[PDB]
Number of protein chains: 2
Amino acid sequence: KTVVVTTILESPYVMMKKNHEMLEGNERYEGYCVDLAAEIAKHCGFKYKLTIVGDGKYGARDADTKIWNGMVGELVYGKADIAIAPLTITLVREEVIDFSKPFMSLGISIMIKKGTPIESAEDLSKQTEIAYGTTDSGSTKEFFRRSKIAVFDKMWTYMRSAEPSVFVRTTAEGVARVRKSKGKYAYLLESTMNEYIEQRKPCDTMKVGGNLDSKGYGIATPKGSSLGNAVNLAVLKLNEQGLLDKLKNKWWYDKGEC
Amino acid sequence: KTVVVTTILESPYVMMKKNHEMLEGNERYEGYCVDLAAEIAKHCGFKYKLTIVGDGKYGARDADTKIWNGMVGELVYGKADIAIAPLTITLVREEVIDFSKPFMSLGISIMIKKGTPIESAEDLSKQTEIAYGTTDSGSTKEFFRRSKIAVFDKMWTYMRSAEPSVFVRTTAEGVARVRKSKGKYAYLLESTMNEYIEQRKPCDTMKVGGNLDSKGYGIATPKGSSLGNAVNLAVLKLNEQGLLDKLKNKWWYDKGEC
Ligand SMILES: Cc1onc(O)c1C[C@H](N)C(=O)O
Ligand SMILES: Cc1onc(O)c1C[C@H](N)C(=O)O
């Protein structure tokens with residue numbers, strides 16, 4: 001009956017309201033994906049329950065274990081019926097789960113502490129004084145691991161050998177590292193997140209260079225699930241009606257700080 | 001069995017080579033979508049023949065006969081196995097055929113002569129001194145006809161009532177009008193074409209402001225087609241390897257005669 005929705009606490013997509021301890025159920029959370037979920041549910045006609053991914057990961061197939069983790073894993077192994085969050089549509093994921101057409105565009109980007117002498121991925125690839133890395137178990141790390149493009153492959157080789165580890169468990173960890181490393185740590189995360197944080201206090205970070213790639217987020221369901229078709233059409237419907245646009249403007253600019 | 005590919009003549013997507021009369025088969029054609037077809041065939045392992053859609057339409061259902069025309073029609077009625085062209089993924093189409101994840105992003109945009117005082121659709125709707133319109137048929141006009149959002153509905157009512165008519169028979173006519181109207185005419189069309197023209201002599205037009213909507217072109221196949229899965233994975237793979245970006249640069253930015 002009730003659709004189990006797996007998501008992740010990632011501002012401004014999903015976050016607990018300040019007064020959450022005084023609320024209940026889905027009302028405890030707020031954000032882009034929270035509004036999106038309510039929209040998808042309404043158009044598809046189902047009741048749902050927002051649940052936070054247990055391991056706090058987006059999703060990757062562990063090397064050796066071969067087991068999928070994160071929101072992808074929850075879908076693959078029967079823990080959730082649908083994933084509504086900033087989950088990147090990728091080849092490896094599409095092979096084990098279904099994705100609706102994209103509801104938002106984005107690209108891998110670089111976040112630096114203001115003043116860091118870096119302007120591009122190429123700049124990063126040429127040196128080591130300023131360490132750089134990305135988040136574990138997601139599409140960004142996989143991108144560098146698989147890229148055959150000169151600059152990116154060099155960066156991957158760099159990351160694997162850099163000490164101490166340049167990888168972080170979460171976006172929060174990555175951003176905190178950038179802010180506390182006095183310009184010696186650059187973080188590779190998606191443009192959506194980079195731009196949001198940039199316009200928020202303490203206004204000490206900034207996106208540099210253009211995006212490294214072009215892709216999108218999609219709503220994911222277990223492979224072959226009957227929910228896919230309806231969900232896919234709803235997303236196209238919301239986009240065509242201009243709702244997804246209003247949603248982004250609301251969560252990315254209607255609340256800016258810097 | 002040779003795969004029947006339906007496409008449409010539209011620059012710079014598909015065009016007959018200047019010396020086509022000296023070539024044969026698929027070799028007569030050139031363009032972004034011709035190159036794309038080659039990449040997909042290679043990744044999916046199939047032989048194919050490029051055929052040009054008979055009615056020169058993209059894909060719409062007649063409200064009276066309920067018949068689908070264009071490339072979508074050829075797939076719906078089983079006359080072609082796959083459509084590779086600048087065919088936009090839409091709700092109504094997704095209901096009758098299958099679309100791979102998008103291979104190129106776009107949106108309705110404004111084309112102006114360099115120098116005209118217009119920076120957005122909002123600006124256009126608030127004035128009349130600078131006339132603006134769309135092609136007398138097609139997805140852009142249909143977008144405005146159906147739009148329920150304030151700004152666009154106002155633009156539609158203006159366009160429908162404006163005299164002399166602000167509509168043009170073809171894209172070429174629209175761009176010509178922009179170039180000869182000394183800044184008194186703005187043309188609304190797909191961002192992709194806008195960007196292409198902006199890169200060509202005489203370099204007197206420019207794309208301005210943000211797009212009015214966000215969507216993407218996708219490779220289409222009949223519902224339940226065995227080719228669907230592979231083609232979708234091929235697009236994702238081509239994108240992840242940076243091949244799609246290289247292709248756009250080849251046909252848009254490397255050859256930009258500006
Ligand atoms: C959000 C986000 O921002 N930077 C990132 O790498 C991510 C995670 C990415 N969307 C994934 O699906 O792995
Ligand atoms: C190309 C093109 O240019 N303007 C247009 O409307 C189109 C066709 C549009 N992309 C469709 O699929 O209907």
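Chain naming here is simple, since letters A, B, ... match the order of the sequence lines and numbering starts at 1 in each. Order of listing sets the numbers, starting from 1, for every ligand and every atom in it.
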Next on the checklist: Test of understanding: with side chain to side chain donor-acceptor pair (under 3.5 Å), list the residues that count as partners of A:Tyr217, not counting sequence neighbours.
Outcome noted: A:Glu190, A:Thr192

Checklist entry - Residues two or more places apart in sequence or in another chain: which of them pass side chain to side chain donor-acceptor pair (under 3.5 Å) with B:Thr88? => result none

Checklist entry - Once the angle between the rings of A:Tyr132 and A:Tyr158 is folded into 0 to 90°, is it parallel (under 30°), tilted (30 to 60°) or perpendicular (over 60°)? => result parallel

Next on the checklist: Test: salt bridge (charged side-chain N to carboxylate O under 4.0 Å, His left out). Region: residues 90-99 of chain B. Which pairs qualify, not counting sequence neighbours?
Outcome noted: A:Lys101-B:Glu94, B:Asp98-B:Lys223

Item to check | Contact residues of ligand 2 (heavy atom under 4.0 Å), by chain and number | outcome: B:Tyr58, B:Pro86, B:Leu87, B:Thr88, B:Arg93, B:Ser139, B:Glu190, B:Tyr217

Next on the checklist: Between A:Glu198 and A:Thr205, do the side chains contain a donor N or O and an acceptor N or O under 3.5 Å apart?
Outcome noted: no

Next on the checklist: Please evaluate residues A:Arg200 and A:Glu195 with respect to the criterion salt bridge (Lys or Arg N to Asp or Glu O under 4.0 Å), reporting the C-alpha separation (whole Å), side-chain torsions for both, the decisive distance (0.1 Å), and the verdict.
Outcome noted: CA-CA 9 Å; A:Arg200 309 275 292 173; A:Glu195 300 169 6; over 6 Å; no

